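S.K.:
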Amino acid sequence: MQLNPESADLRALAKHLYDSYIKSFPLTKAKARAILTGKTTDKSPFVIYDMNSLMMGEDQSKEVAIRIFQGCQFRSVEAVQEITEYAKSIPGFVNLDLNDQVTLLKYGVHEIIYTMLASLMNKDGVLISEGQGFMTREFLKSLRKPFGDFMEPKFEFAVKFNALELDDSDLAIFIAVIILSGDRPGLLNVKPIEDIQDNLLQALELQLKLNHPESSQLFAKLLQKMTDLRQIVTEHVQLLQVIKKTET
Amino acid sequence: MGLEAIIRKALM
Ligand SMILES: *c1cc(F)c(C(=O)NCc2ccc(F)cc2COCCOC)cc1C(=O)Nc1ccc(C(F)(F)F)cc1C
């Protein structure tokens, strides 16, 4: 490996997605990790760990399980928006056939939501309300069916993913690689998507080699994850309609 | 449908 014109341009592309990413998602993995790990001057989050801590926490539906799912829904809408905003700053993306831009984000946002959640998760739970709150894994599990199980696959994915210790520089280009997946169903101009993805995949490999001396095949194992995330989002999509069929 | 809506609006 040599530091040359092509390598320096993969570094500028990495830096440009990193800044663009720090823009679109205010709550970065770095400040998320300072909050989870207590290493912040910032305000300390309020822990929701039982039904009583949730009441004070709130401080319409009657049902606390439904009400939490609703909150989960709204953040998702905001997340889909932030991911689209990010996508506009990926060199090539705004130039693609508008319909193709839509299929990419359509079929990608759920995989990107699983990834961004890991950033907000440790073994105890997930940061909520821009770091102002923390909801414990086991309490979310404590909600009646079918809500009790909704987030558990998120925690499963997030436990093994976070073990890779990816930072914001890696994640920005991880997310850009996902969005430009040339296999999303009904894509009018594939060859052009795959051209942006090839450039993004070189930018990813160089990143991980420079940033992760102890993980020799981390690039290979980020691709396995991008595979993992296909069946995960299926399972999420298919239970997410169960709730549309059984909850008014 | 609910998704494409929000994505086209964000692209705007
Ligand atoms: C929590 C609840 C929930 F119902 C969803 C979800 O995926 N809803 C579907 C949805 C969401 C947004 C949208 F614009 C359209 C749709 C309908 O799409 C149809 C599905 O088939 C493809 C999601 C959550 C959840 O993930 N919540 C959430 C996301 C991201 C963050 C962040 F902090 F990481 F940014 C946080 C939360 C709580």
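Chains as they are written, first to last, in the working numbering: chain A, 1 to 248; chain B, 249 to 260.
Ideal Cβ positions, reconstructed from N, Cα and C, are used throughout, including at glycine.
Considering only the alpha carbon of each residue, which of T248(A), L164(A), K244(A) and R230(A) lies closest to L222(A)?
M.R.: Your numbering for residue 222(A) matches position 222 in the first sequence. For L222(A), the nearest C-alpha among the options comes from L164(A).
S.K.: The beta strand (DSSP E) spanning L127(A) covers which residue range?
M.R.: Translated into the one-based positions of the first sequence, residue 127(A) becomes position 127. Taken as a continuous stretch (DSSP letters only), the beta strand (DSSP E) holding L127(A) covers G125 to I128.
S.K.: Does the beta-carbon distance from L27(A) to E111(A) come in below 7 angstroms?
M.R.: For the purposes of this step, residue 27(A) is taken as residue 27 along the first sequence, with counting starting at 1. For the purposes of this step, residue 111(A) is taken as residue 111 along the first sequence, with counting starting at 1. Result no, Cβ atoms of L27(A) and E111(A) do not sit closer than 7 angstroms.
S.K.: For a test of your reading of the model: does the CB of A79(A) fall under 6 angstroms from any non-hydrogen atom of ligand 1? Yes or no.
M.R.: By one-based count along the first sequence, residue 79(A) stands at place 79. At least one heavy atom of ligand 1 is nearer than 6 angstroms to the Cβ of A79(A), so yes.
S.K.: Taking the continuous alpha helix (DSSP H) assigned at residue 253(A), which residues delimit it?
M.R.: For residue 253(A) there is no data in the structure shown, the boundaries of chain A being 1 and 248.
S.K.: Leaving out five residues before and five after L239(A) in sequence, what residues of the same chain have Cβ atoms less than 8 angstroms from its Cβ?
M.R.: Residue 239(A) sits at position 239 when you count from the first residue of the first sequence. The residues are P146, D149 and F150.
S.K.: Just checking my contact of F134(A) with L127(A) at CB under 8 angstroms: how many whole Å lie between their CB atoms?
M.R.: Start at 1 with the first residue of the first sequence, and residue 134(A) comes out as number 134. Start at 1 with the first residue of the first sequence, and residue 127(A) comes out as number 127. With a Cβ gap of about 6 angstroms, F134(A) and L127(A) count as contacting.
S.K.: Within the 7 angstroms Cβ cut-off, does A258(B) reach chain A?
M.R.: Taking the first residue of the second sequence as position 1, residue 258(B) is located at position 10. Closer than 7 angstroms: yes.
S.K.: Is there at least one non-hydrogen atom of ligand 2 closer than 6 angstroms to the beta-carbon of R144(A)?
M.R.: Ligand 2 is not among the ligands present in this structure, which contains only ligand 1.
S.K.: Can you name the residues of chain B whose CB is closer than 7 angstroms to the CB of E247(A)?
M.R.: Within the first sequence, the letter at position 247 stands for residue 247(A). What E247(A) touches in chain B: nothing, since even the nearest Cβ is about 16 angstroms away.
S.K.: Starting from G133(A), trace the beta strand (DSSP E) both ways and give me its first and last residue.
M.R.: Within the first sequence, residue 133(A) is the residue found at index 133, counting from 1. Segment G133 to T136, the beta strand (DSSP E) holding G133(A).
S.K.: So, with DSSP's three-state summary, where would you put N122(A)?
M.R.: In the first sequence, the residue the question calls residue 122(A) occupies position 122. Strand at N122(A).
S.K.: Would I254(B) pass as a contact of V80(A) if the rule is Cβ separation under 7 angstroms?
M.R.: The count along the second sequence starts at 1 and reaches residue 254(B) at position 6. The count along the first sequence starts at 1 and reaches residue 80(A) at position 80. Yes, they are a contact pair.
S.K.: My parser needs the beta strand (DSSP E) runs of 3 or more residues fully inside the segment 12 to 54 of chain A; what are they?
M.R.: Those beta strand (DSSP E) runs which fall completely within the segment 12 to 54 of chain A and span 3+ residues are 46 to 48.
S.K.: Give a yes or no on contact between the segment 11 to 29 of chain A and the segment 87 to 104 of chain A, applying the rule of three or more CB pairs nearer than 8 angstroms.
M.R.: Because the criterion of three Cβ pairs below 8 angstroms is met, the segment 11 to 29 of chain A and the segment 87 to 104 of chain A touch.
S.K.: Which of helix, strand or coil does DSSP assign to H212(A)?
M.R.: Position 212 of the first sequence, counted from the first residue, corresponds to residue 212(A). Coil at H212(A), not helix or strand.
S.K.: Between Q132(A) and the rest of its own chain, which residues show a CB-CB distance below 8 angstroms, the 5 nearest in sequence each way excluded?
M.R.: Counted from its first residue, the first sequence places residue 132(A) at position 132. So the list reads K43, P45 and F46, once near-sequence residues are dropped.
S.K.: Compute the Euclidean distance between the alpha carbons of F161(A) and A118(A), then round it to the nearest angstrom.
M.R.: The residue given as residue 161(A) occupies position 161 in the first sequence. The residue given as residue 118(A) occupies position 118 in the first sequence. Whole-angstrom Cα-Cα distance: 7 angstroms.
S.K.: One question on the structure: do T103(A) and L187(A) come within less than 7 angstroms of each other, judged by their Cβ atoms?
M.R.: The residue you call residue 103(A) lines up with position 103 of the first sequence. The residue you call residue 187(A) lines up with position 187 of the first sequence. It is a contact, given that the beta carbons lie within the stated cut-off.
S.K.: With distance defined between alpha-carbon atoms, name the residue in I48(A), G92(A) and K62(A) nearest to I193(A).
M.R.: Along the first sequence, read from residue 1 onward, the residue named residue 193(A) stands at position 193. Ranking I48(A), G92(A) and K62(A) by Cα distance to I193(A) puts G92(A) first.
S.K.: For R75(A), is the beta carbon positioned less than 6 angstroms from some heavy atom of ligand 1?
M.R.: The residue you call residue 75(A) lines up with position 75 of the first sequence. Indeed, a heavy atom of ligand 1 lies less than 6 angstroms from the Cβ.
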